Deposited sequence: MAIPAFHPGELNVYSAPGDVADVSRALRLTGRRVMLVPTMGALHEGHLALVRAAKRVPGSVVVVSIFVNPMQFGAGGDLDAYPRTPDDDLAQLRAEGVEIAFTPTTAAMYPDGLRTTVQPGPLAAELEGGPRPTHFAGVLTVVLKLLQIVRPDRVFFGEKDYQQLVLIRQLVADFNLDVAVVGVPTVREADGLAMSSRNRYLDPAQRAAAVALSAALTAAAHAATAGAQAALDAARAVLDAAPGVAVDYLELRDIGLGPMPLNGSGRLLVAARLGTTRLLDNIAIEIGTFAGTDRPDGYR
C-alpha cells in the first residue's frame, strides 16, 4: 500500500504503529539510520541530551516515542526545536489492541533493587520497549543512565531475544548542584530539594573514595546520606556493571534510592575499585 506522508526536515507526527513502521522502513531503505528515543512525554533536558546523542550519528533520522505505559503541545515544540523528524504518539488502545496478553518476563534482576516496591514494573517496561523496537526497527535506541537497572534489563532483553538493535546509554544530565534530572524533582519542597543533593554528593564522594577500596567507598557514601535530614534510604548497593555481585577488583556501579517525604529519588554512578 502507499507509504504515509513524510516531510523531511520537519516534525512528522504519527499515532498509528503501522504508519511509523512503514515510514521507518521506507527511510531505512533510502540510506537513513533510524534512531529511537523512547519517552513518556513531559520532556526535559535529559531527553534533549538523548536526542542530541541520536542526531550525532551520520545519516540519522530520529524517532522520539511518547507513550505512557499504564503536555503534548509543549513536547512536540521542543522536538521541532531540536530538529527531530519523527514523533510517535500512540494511544494505549493502539499499543494494546488485544489488551494485556503476551508479555515479557524479565530475568531475576528485575526482582532486586527497584523490583522491591515495584515487582512487575520492569515486565511492563520491557514489554513496551520490545514493542517499540519491533514497530520502529531502529538501528540504535537511546536511554539515560539514570534508570540504570532499567538500562541493564534492556541490554539483557536485547541479548536474550537476539534483537538487532544497538543499545546506547547516555550519561545522566544533572542540575547544577548535581541532582540527577527527574520529573519528580519539582515535587520537592525547598528543605527536601536541599537535602536531595546528598544522593549525588554521596555517589561522587564514593567514586573518589574508591582508591581506598570498596568498603571506603560505601562508608563515604553512607556518611554523606547520614548528614542529610529527611532522606530515608531504601538501598545503597555496590554491584558490578551488569548488576551482579561486585568483583573484588574492577569496575562497578554504586546505586542509591531514597524517599524524601512522598518522593522517591534514584541515582547511580560508575565506580573503579582501587
{"property": "Gaps in the model, given as deposited-sequence positions counted from residue 1", "result": "71-84, 289-300"}
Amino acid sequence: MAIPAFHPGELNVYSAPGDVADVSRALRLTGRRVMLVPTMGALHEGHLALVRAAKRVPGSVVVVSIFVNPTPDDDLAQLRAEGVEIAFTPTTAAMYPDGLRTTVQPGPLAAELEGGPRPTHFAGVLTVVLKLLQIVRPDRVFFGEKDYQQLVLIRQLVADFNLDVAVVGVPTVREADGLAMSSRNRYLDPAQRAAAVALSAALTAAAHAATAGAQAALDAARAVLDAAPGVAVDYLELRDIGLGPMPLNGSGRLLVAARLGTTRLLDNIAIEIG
From here on, numbers count along this sequence of modelled residues.
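Between two forms, the rigid core is the largest collection of C-alphas that superpose within 1.5 Å.
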| item | value |
| --- | --- |
| Outlying stretch relative to shown form, 174-182 versus 73-81 in 9 other deposited structures of this protein, C-alpha RMS (core) | 73-81 |
| Stretch farther from the shown model on average in 9 other deposited structures of this protein, with CA RMS computed after core superposition (244-252, 205-213) | 244-252 |
| Given 135-143 and 82-90, the range whose Cα B-factors average higher in the PDB entry | 82-90 |
| Mean C-alpha temperature factor, higher of 212-220 and 42-50 | 42-50 |
| Per the PDB entry, maximal CA B factor within 206, 27, 238, 36 | 27 |
| Top residue by Cα temperature factor, when 101, 155, 174, 186 are compared in the entry | 186 |
| Residue 160 - Cα temperature factor, lowest/middle/highest third of chain | lowest |
| Third of chain Cα B-factors occupied by residue 200 | lowest |
| Modelled-residue ranking by C-alpha temperature factor, third containing residue 115 | highest |
| Among modelled residues of the same chain, the CA temperature factor third for residue 169 | middle |
| Modelled-residue ranking by C-alpha temperature factor, third containing residue 60 | middle |
